[PDB]
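Working notes, structure below.
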There are 2 protein chains.
Amino acid sequence: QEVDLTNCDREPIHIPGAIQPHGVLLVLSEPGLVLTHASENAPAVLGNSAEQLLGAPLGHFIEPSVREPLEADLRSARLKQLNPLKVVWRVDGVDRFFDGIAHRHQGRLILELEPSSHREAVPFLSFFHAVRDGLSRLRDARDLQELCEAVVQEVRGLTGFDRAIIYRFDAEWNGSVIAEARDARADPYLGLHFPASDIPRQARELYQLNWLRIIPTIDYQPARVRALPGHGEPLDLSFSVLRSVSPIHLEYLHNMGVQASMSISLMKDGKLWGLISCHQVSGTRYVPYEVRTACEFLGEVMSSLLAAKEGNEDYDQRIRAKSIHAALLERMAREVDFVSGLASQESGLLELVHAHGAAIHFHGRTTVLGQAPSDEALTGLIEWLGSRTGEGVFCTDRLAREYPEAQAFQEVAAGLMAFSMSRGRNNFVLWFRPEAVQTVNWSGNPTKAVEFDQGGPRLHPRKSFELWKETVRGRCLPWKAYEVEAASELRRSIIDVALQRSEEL
Amino acid sequence: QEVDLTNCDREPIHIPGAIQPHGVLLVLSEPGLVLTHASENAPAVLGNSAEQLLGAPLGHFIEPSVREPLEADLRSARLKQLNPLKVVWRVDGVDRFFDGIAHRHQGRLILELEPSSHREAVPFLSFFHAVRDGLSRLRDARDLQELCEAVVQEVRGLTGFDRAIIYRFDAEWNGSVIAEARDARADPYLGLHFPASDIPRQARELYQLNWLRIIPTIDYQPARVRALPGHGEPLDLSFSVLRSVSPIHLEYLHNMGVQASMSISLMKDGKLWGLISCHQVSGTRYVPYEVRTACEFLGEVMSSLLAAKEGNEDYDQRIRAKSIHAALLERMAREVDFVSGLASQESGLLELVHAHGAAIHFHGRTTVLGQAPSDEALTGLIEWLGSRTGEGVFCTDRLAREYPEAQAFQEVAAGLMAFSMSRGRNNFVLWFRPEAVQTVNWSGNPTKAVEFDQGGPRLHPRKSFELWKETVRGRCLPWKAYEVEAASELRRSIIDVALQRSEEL
Ligand SMILES: */C=C\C1=C(C)C(=O)N/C1=C\c1[nH]c(Cc2[nH]c(/C=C3\NC(=O)C(C=C)=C3C)c(C)c2CCC(=O)O)c(CCC(=O)O)c1C
Ligand SMILES: */C=C\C1=C(C)C(=O)N/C1=C\c1[nH]c(Cc2[nH]c(/C=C3\NC(=O)C(C=C)=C3C)c(C)c2CCC(=O)O)c(CCC(=O)O)c1C
């Protein structure tokens with residue numbers, strides 16, 4: 001079944017029927033540009049009832065000389081490049097002005113309007129340095145930590161947020177604030193780890209598709225979006241800038257001492273790698289669209305630069321694991337008994353994967369070798385592998401995750417990377433790896449990252465985000481990239497020499 | 001010695017002692033202050049004669065308010081993240097504005113001054129949107145062809161050049177134009193080839209380190225970099241944007257019929273993989289530095305994606321290969337004699353790498369499937385050793401090159417995709433491709449270019465650039481890398497079942 005969701009990971013955050021009400025969301029028939037949905041905050045923002053708007057066509061509302069460029073663009077298929085649209089809305093005789101942000105999703109033409117006149121606004125000059133020098137900084141970064149600290153310093157400067165951090169996910173979707181720029185007010189989260197549940201699975205998948213979100217104030221009544229009959233099905237809002245956010249995450253931000261936020265998905269190889277997260281500890285922050293997408297852009301630049309700087313690499317060992325491998329291959333090549341030819345290679349075989357223990361099961365007939373004992377316990381380990389898959393190279397940093405019968409062993413302090421030699425799948429190779437104990441600095445108590453109501457099943461976020469030092473056992477140090485090719489390569493060589501052996505009969 | 005350099009790889013293009021006169025090059029003593037070199041075109045660009053500039057501090061000519069922010073910047077360690085410098089030059093009592101491009105090379109601090117236009121909100125927004133729309137368009141590129149396509153369209157859109165092409169180097173450092181954006185006006189260079197003497201080694205070694213060069217006009221007068229007594233030794237100008245370029249290359253551009261030029265290096269795996277190259281056919285192109293580097297950054301993103309996007313080339317052919325593989329790995333299951341399992345789907349094994357012939361030598365006997373060399377195919381079956389396989393897949397379209405006897409049968413196998421199955425190297429799988437006449441469109445006879453003066457001992461580039469077809473003989477259609485890959489995966493699949501068979505008997 002693979003994975004494996006929980007109570008958070010089920011909420012449907014993409015169709016709440018409601019938008020954040022500092023702006024107005026509409027959807028327009030194509031090609032009529034007739035309004036089928038409007039949001040009930042329309043009189044507060046545009047000066048019209050919802051009633052008035054529905055079934056009416058957009059051109060009726062717009063000051064007559066900007067009808068042509070707006071309508072032309074709304075039917076353009078190159079629209080995502082055209083945001084923001086200049087929107088002048090005329091009631092009676094007087095004008096108001098909006099950032100129009102149009103998009104299409106699941107066959108709907110959605111248009112959101114952000115009041116753009118009486119504005120926060122940012123001077124062009126710091127908008128100019130943030131994207132021009134921003135670009136220059138990320139390009140000149142010498143390592144990942146310069147890349148990160150350039151991003152947050154630049155986002156903070158351009159937004160004037162109280163806090164801005166780089167948040168990096170891990171293989172289990174825990175996260176960790178690995179860089180930060182802040183005003184002295186806000187408490188520093190630099191160093192903290194957060195549970196994978198602060199950004200649950202449906203959120204995470206959304207932010208892989210939509211890369212930009214802002215909550216300008218966490219205190220608002222949602223504006224319901226009306227529609228006229230024939231469109232009662234809840235409208236998809238994945239890509240709506242104004243979508244109402246999961247109110248329990250509003251609760252979360254409350255307990256985190258933060259009154260506004262903005263985040264930006266960071267992407268590597270197509271999956272979510274981390275966030276740019278920004279916080280205002282007190283005060284709303286209604287950041288104009290233009291400033292946001294400049295922030296999104298520094299995001300997309302930093303993402304694309306990950307590999308070319310996160311690849312500070314490890315430019316040896318690889319070469320020598322290649323050289324260790326050559327050695328093990330040449331020795332196996334030469335004994336008629338190559339299982340005993342690899343077990344005579346205790347140090348070359350342990351050091352290939354940086355394992356501190358190994359075991360070889362073949363025609364019977366286990367031969368342990370390193371220091372990871374089990375032996376009585378290991379016969380249950382090995383053809384537990386024999387059951388439902390251990391193909392190709394099995395690899396884990398916490399064997400007590402997949403086979404918690406290891407909890408009682410030395411644990412994944414006797415740490416496993418394995419495979420089978422023949423696909424008749426009963427000849428195995430194991431590797432074992434000692435513990436890394438590691439103190440880990442958590443925000444609040446991960447044990448209890450979620451609270452429950454009265455007497456009530458509804459969930460709530462933790463009230464405490466203060467440093468809480470867990471110590472972690474089971475886990476050892478990560479199996480690096482180069483360690484699992486080395487394992488498949490040695491698998492490839494066992495297969496070759498076995499095949500050569502039998503060609504010799 | 002490797003290369004082996006005809007009559008061009010001498011001319012130290014890095015020390016010409018002259019620049020392109022649309023800008024002014026300066027050299028600055030350090031710590032701070034005082035001008036040791038300066039180009040003679042100062043008065044025409046800048047106001048002052050070099051005689052007045054030389055020996056004096058930079059401040060003396062900088063408008064006083066601008067003076068300290070700028071000399072704080074010229075003292076930074078990483079000037080790169082500050083370019084362009086805002087240089088406000090006060091002459092008489094009028095302020096002329098320049099882009100200050102600063103760097104250090106060989107303990108010498110070099111300030112080039114290019115005339116600047118003062119930025120303004122609206123045209124910056126459109127530029128920023130273009131760079132940002134270019135950046136994502138490359139990330140969303142399906143394959144190399146598309147990556148190349150988006151790149152040339154995006155560079156042209158920013159620079160307004162008449163032609164932007166992707167020039168791709170092959171193995172002898174010849175070239176090919178593999179994609180092009182252009183004003184249909186200009187004659188289309190798409191598909192042409194250009195000999196490696198057009199970009200000599202010390203040019204490419206230069207461009208391996210400096211990824212951006214522009215010649216805003218070919219017809220121009222090298223303003224010489226004059227200096228102070230005690231500084232008269234050649235100035236290393238390898239990283240200067242104004243460094244006057246080798247004058248034989250300007251006649252090349254003249255002869256080629258190009259008035260202005262811009263090129264950007266492309267880097268795969270540390271080595272020069274190609275250029276982005278741009279021309280103006282008549283008229284000039286003084287591209288501002290901000291736009292120039294934004295093009296360079298798209299080049300850096302393109303470099304960063306070459307492997308990934310090329311790895312997804314022919315992404316239907318791959319589907320079709322993988323299901324042919326799948327098909328072959330099953331029909332080898334119902335037969336203990338896997339060899340004839342591959343001889344039933346001889347049409348499948350032949351379509352797997354698009355060959356018209358194949359051969360399996362297994363346990364001393366050879367099975368022939370398509371059109372093959374004569375039954376003396378003991379031919380290249382015995383002959384081999386150094387390279388040859390060793391392992392894994394041997395792949396050529398010039399089998400007459402390495403293995404000369406095949407000239408007799410290039411009508412049926414001028415190309416050879418082959419591997420061995422075991423370390424004993426008695427068993428092989430061979431695929432054949434016939435000769436294909438093939439014609440290669442050069443850019444005027446590439447036998448010349450290695451050209452002399454009167455013929456006095458001077459060098460000179462070709463005169464005609466008309467399509468000059470070469471009819472290459474003795475090759476098959478080139479072997480695609482998804483085909484080489486398909487042979488790799490079959491080869492180890494054949495191993496896996498070669499074991500499993502013998503292994504259990
Ligand atoms: C199971 C319920 C939840 C618990 C318990 C919890 O803690 N979060 C739950 C659900 C939830 N979270 C979000 C959105 C979200 N969460 C974060 C988390 C962090 N912000 C930070 O700054 C840090 C560390 C520095 C962490 C960790 C973030 C950034 C976001 C995105 C919104 C934002 O920027 O504030 C959602 C979805 C909200 C939505 O998209 O509607 C849910 C359901
Ligand atoms: C023996 C000397 C030379 C012969 C013969 C010749 O043909 N060129 C010689 C010297 C030379 N060229 C350059 C720089 C250079 N050349 C090119 C070539 C091309 N531009 C195109 O668009 C195409 C085809 C599509 C080709 C081929 C390019 C791109 C460059 C880079 C400069 C530019 O973009 O205009 C040099 C070095 C000059 C210098 O860097 O100072 C030399 C010595």
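Here, A, B, ... name the chains of the structure tokens in the order displayed, residue numbers run from 1 inside each chain, and ligands are numbered from 1 in the same displayed order.
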Pairing every Cα of chain B with chain A in order, what RMSD remains after the least-squares superposition?
->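 Rounded to one decimal, the C-alpha RMSD is 4.4 Å.
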Find the residues around residue B:363 up to 12 Å (only C-alpha atoms counted), leave out those fewer than 2 positions away in its own chain, and share them as a PyMOL selection string.
-> (chain A and resi 503-504) or (chain B and resi 337+339+360-361+365-367+421-422+424-428+498)
Hey, can you check how far atom CA of residue B:202 sits from atom 36 (C, counted along the ligand's line) of ligand 2?
->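 Atom CA of residue B:202 sits 8.1 Å away from atom 36 (C, counted along the ligand's line) of ligand 2.
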Go through B:414, B:206, B:487, B:385 one by one, measure the shortest atom-to-atom distance of each to ligand 2 using only C-alpha atoms and all ligand atoms, and give the residue with the smallest value.
-> B:206
Can you pull out every residue within 9 Å of residue A:298, counting only C-alpha atoms, but drop anything in the same chain fewer than 6 positions away, and send it as a ChimeraX atom specification?
-> /A:130-131,134-135,138,151,154-155
Selected residues, N, CA, C and O atoms, written as a PDB file, in the first residue's frame, please.
```pdb
ATOM      1  N   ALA A 130      15.964  44.128  -5.461  1.00  0.00           N
ATOM      2  CA  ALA A 130      15.679  42.784  -4.976  1.00  0.00           C
ATOM      3  C   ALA A 130      15.723  41.773  -6.111  1.00  0.00           C
ATOM      4  O   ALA A 130      16.261  40.673  -5.934  1.00  0.00           O
ATOM      5  N   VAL A 131      15.191  42.120  -7.294  1.00  0.00           N
ATOM      6  CA  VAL A 131      15.263  41.136  -8.361  1.00  0.00           C
ATOM      7  C   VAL A 131      16.557  41.266  -9.163  1.00  0.00           C
ATOM      8  O   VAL A 131      17.096  40.255  -9.616  1.00  0.00           O
ATOM      9  N   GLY A 134      19.208  40.437  -6.248  1.00  0.00           N
ATOM     10  CA  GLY A 134      18.746  39.104  -5.926  1.00  0.00           C
ATOM     11  C   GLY A 134      19.291  38.090  -6.899  1.00  0.00           C
ATOM     12  O   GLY A 134      20.062  37.205  -6.509  1.00  0.00           O
ATOM     13  N   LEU A 135      18.921  38.236  -8.176  1.00  0.00           N
ATOM     14  CA  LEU A 135      19.474  37.374  -9.216  1.00  0.00           C
ATOM     15  C   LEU A 135      20.987  37.272  -9.092  1.00  0.00           C
ATOM     16  O   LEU A 135      21.553  36.176  -9.088  1.00  0.00           O
ATOM     17  N   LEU A 138      22.119  35.089  -5.821  1.00  0.00           N
ATOM     18  CA  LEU A 138      21.951  33.648  -5.939  1.00  0.00           C
ATOM     19  C   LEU A 138      22.913  33.081  -6.961  1.00  0.00           C
ATOM     20  O   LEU A 138      23.516  32.028  -6.733  1.00  0.00           O
ATOM     21  N   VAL A 151      18.728  34.368  -0.250  1.00  0.00           N
ATOM     22  CA  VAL A 151      17.293  34.395  -0.506  1.00  0.00           C
ATOM     23  C   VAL A 151      16.555  35.086   0.629  1.00  0.00           C
ATOM     24  O   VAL A 151      15.783  36.019   0.395  1.00  0.00           O
ATOM     25  N   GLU A 154      17.142  38.811   0.951  1.00  0.00           N
ATOM     26  CA  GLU A 154      16.513  39.531  -0.151  1.00  0.00           C
ATOM     27  C   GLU A 154      14.982  39.572  -0.029  1.00  0.00           C
ATOM     28  O   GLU A 154      14.359  40.593  -0.338  1.00  0.00           O
ATOM     29  N   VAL A 155      14.353  38.468   0.376  1.00  0.00           N
ATOM     30  CA  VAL A 155      12.899  38.455   0.512  1.00  0.00           C
ATOM     31  C   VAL A 155      12.479  39.381   1.634  1.00  0.00           C
ATOM     32  O   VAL A 155      11.520  40.159   1.502  1.00  0.00           O
TER      33      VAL A 155
END
```
Within 7 Å of ligand 2, counting only C-alpha atoms and all ligand atoms, residues as a ChimeraX atom specification = /B:7-8,11,13-14,165,167,175,177,189,194,197-200,203,213-215,244-246,248-249,252,261-263,277-279,449-451,459-462
Residue list for chain B near chain A as a ChimeraX atom specification, 10 Å, only C-alpha atoms | /B:78-84,119-122,124-125,128-133,135-136,139,290,293-294,297,300-301,304-305,308,363,421-426,492,495-505
Would you mind listing what lies within 8 Å of residue B:148 as a compact mmCIF listing (two decimals) with N, CA and C atoms, in the first residue's frame, with only C-alpha atoms counted and same-chain residues fewer than 5 positions away left out?
```txt
# COMPACT_ATOMS: atom_id res chain seq x y z
N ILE B 166 21.59 28.02 -31.39
CA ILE B 166 22.36 27.16 -30.50
C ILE B 166 23.42 26.45 -31.34
N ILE B 178 21.86 23.78 -34.27
CA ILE B 178 20.83 22.78 -34.01
C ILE B 178 19.48 23.39 -33.68
N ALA B 179 19.38 24.71 -33.49
CA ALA B 179 18.12 25.42 -33.28
C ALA B 179 18.32 26.90 -33.59
```
Running DSSP on the backbone, which parts of stretch 114-304 of chain B land in strand (DSSP E or B), as a PyMOL selection string?
-> chain B and resi 114-115+163-169+175-182+193-194+212-215+223-227+243+260-268+271-280
List every residue of stretch 145-321 of chain B that DSSP, applied to the backbone of this structure, places in helix (DSSP H, G or I), and write the result as a PyMOL selection string.
-> chain B and resi 145-159+196-198+201-209+247-256+289-310+317-321
